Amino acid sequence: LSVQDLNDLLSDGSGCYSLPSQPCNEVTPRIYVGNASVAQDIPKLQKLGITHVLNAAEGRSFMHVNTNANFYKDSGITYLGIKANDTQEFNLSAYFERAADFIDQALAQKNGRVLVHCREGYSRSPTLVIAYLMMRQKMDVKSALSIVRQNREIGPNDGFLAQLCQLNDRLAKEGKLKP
């Protein structure tokens, strides 16, 4: 089972998963993954040179980040929100294309820098960045998950990991992954 294999890569050997040691990390060039506090710190975002913010936890609960376009108005940062829940039931894969297109909107300019964040930068946002790496940068899920994890403590839920495995299957068979 592929989800167990992905989990094995993420875990600390004690049955546990390390938590983010910083609020924000550049996980791959010009892509940052972070938490709610960094998303809400516009001066920090500006110093980092962030041009685009994808809120993958948009919403009103204690597990969401209650930002919107207007929060970023006249900061010059371009905003998109995805109202995802961090549950095995939430079909985040329905957003993989939407998110990859947004990341690529940012990166296809040479000065673009994108923050993909959620509440903790741990499950929802890392899933989207991993899917993007697979879909746009031709990384297999293990490679993509591994490079992100090396640069930030992450733990996508098992539902999200299974969605990434299904994605990997499709890209593999379609001949869209680097060997």
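By rigid core we mean the largest C-alpha set that fits within 1.5 Å across both forms. We number the residues from 1 along the sequence you see.
- Farther on average from this form in 7 other deposited structures of this protein lies stretch 106-114, the comparison being between 123-131 and 106-114 by RMS Cα distance after core superposition.
- As listed in the deposited structure, the average C-alpha B-factor of 116-124 and of 66-74 is greater for 66-74.
- As listed in the deposited structure, the average C-alpha B-factor of 38-46 and of 107-115 is greater for 38-46.
- Among 18, 25, 14, 163, the highest C-alpha B-factor recorded in the PDB entry belongs to 14.
- Ranked by Cα temperature factor within the chain, residue 151 sits in the lowest third according to the deposited record.
- When the modelled residues of the chain are ordered by C-alpha B-factor, residue 61 sits in the highest third.
- Per the deposited record, the Cα B-factor of residue 139 falls in the highest third when ranked against the other modelled residues of its chain.
- Among all modelled residues in this chain, the alpha-carbon of residue 93 has a temperature factor (C-alpha) in the lowest third.
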